[PDB]
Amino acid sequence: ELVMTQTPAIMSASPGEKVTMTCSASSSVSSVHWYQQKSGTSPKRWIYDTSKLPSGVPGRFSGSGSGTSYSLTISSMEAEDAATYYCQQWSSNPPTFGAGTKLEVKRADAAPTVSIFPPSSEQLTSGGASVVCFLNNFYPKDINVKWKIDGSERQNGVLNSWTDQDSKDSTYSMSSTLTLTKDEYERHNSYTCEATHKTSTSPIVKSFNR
């Protein structure tokens, strides 16, 4: 149960930048381990026994520390270093892990490609009706979506999901699903997906008429 606080919780860097993250323990620990984890894959030891590099780990990585204050440093950031880093201590059982530092890689801004989709026939047949909207490959990761049916905003029945930074183009994506009963759907004509992003003052809109 000893607690490792990792800082910052989230951070971004352009390739080439020096990167530093800290691991501060609530109690004395004699050492720590660092793990790198990229979206969709298992954790992997990146630094062991606080200053040591396992084979295959790039030398731009280094770790140092003592007592209750540890840190991991990247001399020169590369796009392939984007991932979440966890520190772990094994001085006491349980060998507690930190909550992690999510290192993201920055790139040029990019507006989202927005696509809307009416409910399918198979679903309508089941008494259900979902309208789907995709906001793909945008950057920064901050974005909003708003549903409008015949002009007025709709808030209930909306489920949103966000992907982690893309590994090839470093963009983010979002999916918004609006579900209504089949009869509520057929009581209206215009369905709109509105996306507000940094790359544009006025929101992007896509829509269809029933």
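We number the residues from 1 along the sequence you see.
Query - Mean C-alpha temperature factor, higher of 63 to 71 and 181 to 189 - result: Here the higher of the two C-alpha B-factor means belongs to 181 to 189.
Query raised in the report: Where do the C-alpha atoms have the higher mean temperature factor in this entry, in 47 to 55 or in 140 to 148?
Result: For C-alpha atoms only, the mean B-factor is higher in 140 to 148.
**Report entry** Maximum C-alpha temperature factor, selected from 116, 99, 124, 83
**Finding:** Most elevated C-alpha B-factor of the set, per the entry: 124.
**Report entry** Residue, from 26, 161, 42, 167, that the PDB entry assigns the highest Cα B-factor
**Finding:** The C-alpha B-factor peaks, among 26, 161, 42, 167, at 167.
Query raised in the report: Of the three thirds of its chain by CA temperature factor, lowest, middle or highest, which one includes residue 108?
Result: According to the entry, residue 108 has a C-alpha B-factor in the chain's highest third.
Requested in this report: Compare the C-alpha B factor of residue 9 with those of the other modelled residues in its chain, then answer lowest, middle or highest third.
Outcome: CA B-factor rank for residue 9: middle third.
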